[PDB]
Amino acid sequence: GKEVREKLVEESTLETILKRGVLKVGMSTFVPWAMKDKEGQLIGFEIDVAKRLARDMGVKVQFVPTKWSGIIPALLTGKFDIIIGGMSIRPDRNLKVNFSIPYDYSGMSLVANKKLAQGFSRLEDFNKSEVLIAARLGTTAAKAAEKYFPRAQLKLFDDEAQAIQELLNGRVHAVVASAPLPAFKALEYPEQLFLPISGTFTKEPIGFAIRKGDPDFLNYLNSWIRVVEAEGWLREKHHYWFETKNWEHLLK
């Protein structure tokens, strides 16, 4: 009279984590979401979120850096328990994984090369056949480039630094990427780069991704988000990482 329900509880990935004593977290490099610093340790907003979640669960944390384009297959094949990697909740991804409630929000922005894109002042100036746009492979930045600049030539990169180097070198007109990356890079490299428009042109809820059939793990993650949101801690961390450069000299 209770077997099915008890078996569902036992098979939760939350129970797998508790038995192992370690939360295994899949993520990828996006500055300042997650990145290796000069001491060789991972830091960033997503790292702070994952480290606190592990601590509040009473377990150790282990990070499993993964190629972003293969991060969902890695979750599905059990390379880790959870994606904490600044993943936008999306209905195509949700076919394969389940999402928590949002713990952050992001929006898409654009940074441009001063010589190639001189005089460009509007989104539509980049939606032309002769314009080359760079974005990160497998991300919502690529999807936004296709949606808002469909006539542009889109060039995808599996590495964030390789994409910005193309822009610095004058090989593409713009990089499309989540704020605050475009604004930060325009301020970092004013000799080569500029920010044509302030603000953002998408609004994207960010959630944890976990494997399906696990309502108990979802309950735990959503309850955890609600508590640290009400505490003001997510706002504090969002401001530190995305609205200051106080962490800048931790990096190589």
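Don't overthink the numbering: it's just position in the shown sequence, from 1.
Here 156-164 and 81-89 are compared by their mean Cα B-factor, and 156-164 comes out higher.
On average the C-alpha atoms of 183-191 have higher B-factors than those of the other stretch, with 183-191 and 210-218 being the two compared. When the CA B factors of the chain's modelled residues are split into thirds, the value for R235 lands in the lowest one.
In this PDB entry, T140 carries a Cα temperature factor that places it within the middle third of its chain's modelled residues. Annotation for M57: CA B-factor lies in the middle third of the chain's modelled residues. Among all modelled residues in its chain, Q41 ranks in the middle third by Cα B-factor. Remark: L18 belongs to the highest third of its chain, ranked by C-alpha B-factor as recorded.
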